[PDB]
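All remarks here apply to the structure that follows.
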Amino acid sequence: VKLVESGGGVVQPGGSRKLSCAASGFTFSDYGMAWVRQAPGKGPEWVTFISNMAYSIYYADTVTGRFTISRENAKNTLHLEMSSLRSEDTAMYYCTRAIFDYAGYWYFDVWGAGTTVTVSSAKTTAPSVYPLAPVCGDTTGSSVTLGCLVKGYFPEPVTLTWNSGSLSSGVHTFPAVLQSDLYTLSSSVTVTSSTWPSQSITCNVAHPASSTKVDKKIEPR
Amino acid sequence: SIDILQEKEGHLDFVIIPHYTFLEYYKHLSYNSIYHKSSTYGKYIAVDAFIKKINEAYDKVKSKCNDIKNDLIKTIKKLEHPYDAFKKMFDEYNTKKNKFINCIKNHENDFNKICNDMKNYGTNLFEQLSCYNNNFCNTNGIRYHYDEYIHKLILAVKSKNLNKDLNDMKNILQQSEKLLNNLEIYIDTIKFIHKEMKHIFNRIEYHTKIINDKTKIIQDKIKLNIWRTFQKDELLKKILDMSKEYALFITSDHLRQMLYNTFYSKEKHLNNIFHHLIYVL
Amino acid sequence: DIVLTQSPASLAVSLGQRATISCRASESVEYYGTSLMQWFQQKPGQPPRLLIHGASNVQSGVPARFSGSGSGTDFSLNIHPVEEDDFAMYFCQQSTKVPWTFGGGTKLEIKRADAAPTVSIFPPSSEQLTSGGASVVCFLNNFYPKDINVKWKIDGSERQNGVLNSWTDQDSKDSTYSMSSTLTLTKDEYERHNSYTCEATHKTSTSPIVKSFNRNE
């Protein structure tokens, strides 16, 4: 019993996109179907619903007249045609199976893994990667913290490693945040004080969309 | 249209014919849906429990006109029993009857919600319909539904003589009319009840013609939809069409038995007034 | 539209305890004797998972340690005893009136010992300064509880503009939280001030944790 969404990606504002959802391991025509979306850092928002033979079609007021739900029962497929897209439409879009309970109600029991739709004007931009060495005034502690600032890239994701992945235990890689149309992230690595700068620490940043990989060695200021 | 009913002395009720047909249609649409596959037969408990809740809800709305209903019953008892000036009294009937019809209209949006909830449930059940082979769908559900819910009603109709019943009522109205034309407040009361009885009679004949027509159609159609298979789309069309025939038949049967009792209750009052007038000479 | 309000917004519990989550609907979610309230569980980067549908009906495959109660407008999700698998986000959802709405969510988190944040300040890198940029980064690592206030001060005075913050979720191994705070100025502005400070106020101290540097020292 599986649901798999496809068709997600980066759409320019005012643009259009069609999402698909392939159902397997069950009789697709035996169920109502729906689309639920989750904006980054928010809770789920029900978008639309279609009954088994499409007799009932419902829309959230936020998408009515812009979005169209449809199903192709012989093909086990659910569709969502989205138009005049806005930044507020940026979300993870989930396909969900709806069960009609004989007490007279619908409930969502199976969900797909989701497909991300990013509505933005930004173009593919490789990040600027900066090494962050400590302040010059050594406090003399058991450990030292180094950092890496990854600035102004689009779209997500970026892959940040330390010493090409051989340093992982004292790492904090922070979630990416928007710096007006472009993303920014940071990471810190914490090690035994006496091992740095003697045993060298390098930040490596891969941005697959721009096909780049840069290395930044942390150096004493 | 709205039908007012006075089955017994002191009781008054009403039926909105369109709502009754509508509720009846989605009841039988719901039963056809669950009886198509052996696997979903056991769902009759839930379907029965949901229809009971729809009906109890619709009745709670009807009961909100109960004080306006009872105020009309008091006026009717005064009209039918002129024992301890008709035109000044006839206004009390009209206004209170209009206040009752007006109360029912003011609850239109409330009744419509319940009907639409039954339409939702019925349609959603109808949508769960599936075949093992979409080109060779079984009709065992159509046959079972008919045998268990409709056949008994088809027999009760064929047993009773509706055409005779109508003529016995026609004979009461004609015997009442020649006696009426012997007047030399009571004659005006007899004139009103007789008029109300001719109106009831015309509704009884109207529904009797629907019963007879729908009984024949159902007996003919049922033969064609059973003991064979249909392609899915054809089976779904057949289920929707049969349910419309069942709803129109069950509504007219229901209204006929209620109006039949309404006619004979009003006759008892007509006979008592005629008997009082004949005694006084 | 039916508004669902979850209480509390966040709840911290230990393994084996009872977690009770409340959901309150603005209108009744009753539909002919049934309360159309669903409860979902969601883990980071995973879809929601149905736990309960008929305000009270536990989904097949959902452990008996999960139960739902309530009717009309007041609903409760109970997890007893809490297990490692249960730390997640919980959402209530109504299917009585369209639009079908969800609550804001309650985060079920694991209780651990209080931990003061380890604060580190980083001046801009020489490479960023050449490009005309000046980002001052402050890391606040491995603290508990989640609640933390970060304030930047330039030459002893508070600075709110130019600050971007990022927070990690509860660490899967030590159950602590971390934060990164970045103050971005231009090189032109950065070279017009002497001291840069990030201050952290956290449950573990009444006094703030201060980390500073003087430009060129």
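Taking segment B:77-129 as the range and being within 14 Å of chain A (Cβ to nearest Cβ), in a helix (DSSP H, G or I) and either acidic (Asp, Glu) or under 30 Å from B:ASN271 (Cα atoms) (or both) as the test, only B:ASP117 passes. Does C:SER76 satisfy the condition of being polar (S, T, N, Q), surrounded by 15 or more Cβ atoms within 10 Å (Cβ to Cβ) and under 30 Å from A:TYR130 (Cα atoms)? When the stated conditions are applied, C:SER76 does not pass them. Filter segment C:71-114 down to the residues that are out of contact with any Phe, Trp or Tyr (no Cβ under 9 Å at 6 or more places or on another chain), within 14 Å of chain A (Cβ to nearest Cβ) and assigned to a strand (DSSP E or B) and list them by number. The answer is C:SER71, and nothing else.
C:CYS138 fulfils the conditions (1) out of contact with any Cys (no Cβ under 6 Å at 6 or more places or on another chain); (2) buried (at least 16 other Cβ atoms within 10 Å of the Cβ); (3) of a type outside the set (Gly, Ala, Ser) except for a single criterion, (1).
Check whether at least one residue in segment C:179-196 is farther than 20 Å from A:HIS172 by Cβ and hydrophobic (A, V, I, L, M, F, W, C), and report yes or no. Before the answer, list the steps.
So in segment C:179-196, the residues farther than 20 Å from A:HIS172 by Cβ come out as C:185-196.
Subset that is hydrophobic (A, V, I, L, M, F, W, C): C:185.
Yes - at least one qualifying residue is present in segment C:179-196.
As a summary of the residue check, C:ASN57 satisfies the conditions (1) under 28 Å from B:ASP117 (Cβ atoms); (2) away from every other protein chain (no Cβ under 13 Å); (3) of a type outside the set (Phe, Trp, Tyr) except for the one numbered (2).
Return a yes/no flag: does segment A:192-215 have any residue that is facing chain C (nearest Cβ under 9 Å), farther than 18 Å from C:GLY133 by Cβ and either of a type outside the set (D, E, K, R) or crowded, with 21+ Cβ neighbours inside 10 Å (or both). If you could, list the steps in order and put the result at the bottom.
Of all residues in segment A:192-215, those facing chain C (nearest Cβ under 9 Å) come to none.
Looking for residues that are facing chain C (nearest Cβ under 9 Å), farther than 18 Å from C:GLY133 by Cβ and either of a type outside the set (D, E, K, R) or crowded, with 21+ Cβ neighbours inside 10 Å (or both), one finds none in segment A:192-215, hence no.
Here A:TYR107 fulfils each of the conditions (1) touching a helix residue (DSSP H, G or I) at 6+ places or on another chain (Cβ under 8 Å); (2) within 14 Å of chain B (Cβ to nearest Cβ) apart from (1). Every condition in (1) of a type outside the set (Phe, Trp, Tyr); (2) touching a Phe, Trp or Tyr at 6+ places or on another chain (Cβ under 6 Å); (3) within 14 Å of chain A (Cβ to nearest Cβ) holds for B:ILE54 except the one numbered (2). Against the criterion of being surrounded by 15 or more Cβ atoms within 10 Å (Cβ to Cβ) and touching an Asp or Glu at 6+ places or on another chain (Cβ under 9 Å), A:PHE154 qualifies.
I'd like to check which strands (runs of 3 or more DSSP E) are fully inside segment A:11-103 and have at least 1 residues that are under 24 Å from C:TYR90 (Cβ atoms) and charged (D, E, K, R).
Numbers: elements: A:17-24, A:32-38, A:44-50, A:57-59, A:67-72, A:77-82, A:91-101.
Because the criterion is at least 1 residues that are under 24 Å from C:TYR90 (Cβ atoms) and charged (D, E, K, R), the strands (runs of 3 or more DSSP E) in segment A:11-103 that meet it are A:32-38, A:44-50, A:91-101.
Total residues in segment C:135-153 satisfying the condition of being more than 10 Å from every other protein chain (Cβ to nearest Cβ), aromatic (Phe, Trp, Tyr) and either over 15 Å from the mean Cα position of the chain (by Cα) or not in a strand (DSSP E or B) (or both): the figure is 1.
Taken together, A:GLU81, A:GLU88 contain a single residue that is farther than 30 Å from A:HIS207 by Cβ, more than 11 Å from every other protein chain (Cβ to nearest Cβ) and within 23 Å of the chain's Cα centre (by Cα), which is A:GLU81.
Of the strands (runs of 3 or more DSSP E) lying entirely inside segment A:133-221, the ones with 3 or more residues being within 20 Å of C:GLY45 (Cβ to Cβ) are found at A:159-162, A:171-173, A:182-192.
In the set B:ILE154, B:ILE142, which member is among the aliphatic types (A, V, I, L, M), farther than 26 Å from B:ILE200 by Cα and away from chain A (no Cβ under 14 Å)?
On the way: B:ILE154 fails: farther than 26 Å from B:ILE200 by Cα.
Of the residues listed, the single one that is among the aliphatic types (A, V, I, L, M), farther than 26 Å from B:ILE200 by Cα and away from chain A (no Cβ under 14 Å) is B:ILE142.
Residues of segment A:1-10 that are within 14 Å of chain C (Cβ to nearest Cβ), in a strand (DSSP E or B) and surrounded by fewer than 19 Cβ atoms within 10 Å (Cβ to Cβ): A:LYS2, A:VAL4. For segment C:125-134, the candidate set comprises residues that are assigned to a loop (DSSP other than H, G, I, E, B) and facing another protein chain (nearest Cβ under 8 Å); within that set, the residue that is farthest from C:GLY54 (Cα to Cα) is C:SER131.
Answer yes if at least one residue in segment A:130-141 is loosely packed, with under 13 Cβ neighbours inside 10 Å and within 27 Å of C:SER172 (Cβ to Cβ), and no otherwise. Talk me through it step by step, then tell me what you get.
Residues of segment A:130-141 loosely packed, with under 13 Cβ neighbours inside 10 Å: A:136-141.
Retained after the next criterion (residues that are within 27 Å of C:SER172 (Cβ to Cβ)): A:141.
Within segment A:130-141 (the criterion being loosely packed, with under 13 Cβ neighbours inside 10 Å and within 27 Å of C:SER172 (Cβ to Cβ)), the answer is yes, since at least one residue qualifies.
Note that we place each Cβ from the backbone using ideal geometry, even for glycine, and neighbour counts take in every protein chain shown. Read the figures in this text as sums done on the coordinates, not as results from a lab.
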